[PDB]
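Next comes just one chain, in structure tokens: the form deposited in one PDB entry.
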């Protein structure tokens, strides 16, 4: 299989037997994508073990894959690995099963359901503030991912299950047992030995820990709006499949939001003029520290620009991927069946062809003047098409609500322990090498 791109005339790094190009992931696959783009141009191919992967960067071709030919050709992501019952999670499911799950779970994220959650998640924005004042009087720098993770977990639990637990002063199975998720050498052996995935499945081995899953399974059992929207009810949902969607939302609510929130606060700390301008917008829109509402959040243009520019620099998804279901010929190029088509979001977000000074944090990229010159298929922090991020609206609103409440009360500065410039971890996930610590001063 390692002669595919050579026969297609498609350039790429020469693969090694068995391993493919996975050894070039020593720099992390975000640096691999950037170097491959620089060296091979618009399109290139490489191998994850034996799996051929075709990387595309042309906006026309990206839109054809993500949007135009989603249902007919590019329906599914690359198979997850040994999952067990998590095969029914929406982000893992394939074909008509995903179509049903996407249709059944879409009502959860409507702007009507979104407006209902804002009074619920503003109560934790005040607990988050009080928790911040505790360490603000301490005088020593704060670890943001701890307090933001507690906030994000509190928000996702109550909005999903209606359970209200202050995480910082306590909460274990969730959060404390949701974090885990290591960069094991097991995942590397999965791509080198993908033929072993059916072995681990029959041994009831899964990447998820069996004790937390059975906790949620029995947690939702004694639980007898997202939890309501599935219960009150294509085809009706199942009990064990009920739990699968909860794990995704919990992980997406906790891990994603709190990681991006820490990146934003880092950028605000290292750019005080941006922090001051954002604080001035918040005080103008919400005079006298008025509580943020659904409609006031949507009125803050500079807040939207700061969130967007941070998601440009740190697209936590790093890559978009779709499995080619059949032989196709897109935009003048032929894709054989079984090839994983990959869009390197991280490299595209930092490409000098579309971004001026791409490494610099400049929110004015997303101003109403310059936003029209931004291609929606180069800048894809939430993906695109029918399989984009279903919680995009919730994530943006959840992050902005936390940012407003936090900046109304505090200003953030670098401390002696702050890593400047921030160094990204090379172990897969888009996270800082050192945890982000910042000085917090009450306004």
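Positions refer to the first chain, counted from 1. Only residues modelled in both forms are compared. Think of the rigid core as the biggest set of C-alphas that the two forms share within 1.5 Å after superposition.
Across the other PDB entries of this protein whose models span the neighbouring residues, residue 113 is modelled without exception, so it is unmodelled in far fewer than a third.
Compared with other deposited structures of the same protein, residue 326 does not meet the criterion of being unmodelled in at least one third, since all of those that resolve residues on both sides include it. Unmodelled stretch separating residue 170 from residue 171: 4 to 9 residues (count of deposited-sequence residues without coordinates). Where residue 233 is followed by residue 234 in the displayed chain, the model omits 4 to 9 of the deposited residues that sit between the two. Higher mean CA temperature factor, per the PDB entry, when comparing 199 to 207 with 273 to 281: 199 to 207. Annotation for 304 to 312 versus 149 to 157: the higher mean temperature factor (C-alpha) is found in 149 to 157. Comparing the C-alpha B-factors of 184, 267, 321, 364 in the entry, the top value falls on 184. Per the PDB entry, 143 shows the highest C-alpha temperature factor of the residues 345, 258, 143, 91. When the CA B factors of the chain's modelled residues are split into thirds, the value for residue 69 lands in the middle one.
Remark: residue 409 belongs to the middle third of its chain, ranked by C-alpha B-factor as recorded. Sort the modelled residues of the chain by CA B factor and residue 253 lands in the middle third. Split the chain's modelled residues into thirds by C-alpha temperature factor. Residue 176 is in the highest one. The PDB entry assigns residue 417 a C-alpha temperature factor belonging to the highest third of its chain's modelled residues.
Note that the form deposited in another entry isn't included here; everything after this is about it.
For the set 115, 176, 99, 78, a Cα shift of at least 2 angstroms between the shown form and the other one, after rigid core superposition, holds for 176 and for no other residue. Taking 2 Å as the criterion, residue 240 counts as shifted between the shown form and the other one: its C-alpha moves by at least this amount when the rigid core is aligned. Note: the CA-CA distance for residue 178 and residue 163 expands in that other deposited form relative to this form, by 3 angstroms or more. Look at residue 179 and residue 190: in that other deposited form their Cα atoms come 3 Å or more closer than in this form. When the two forms are fitted on their rigid core, the residues between the shown form and the other one that move as runs of three or more, each C-alpha shifted by 2 Å or more, fall in 176 to 184, 237 to 241.
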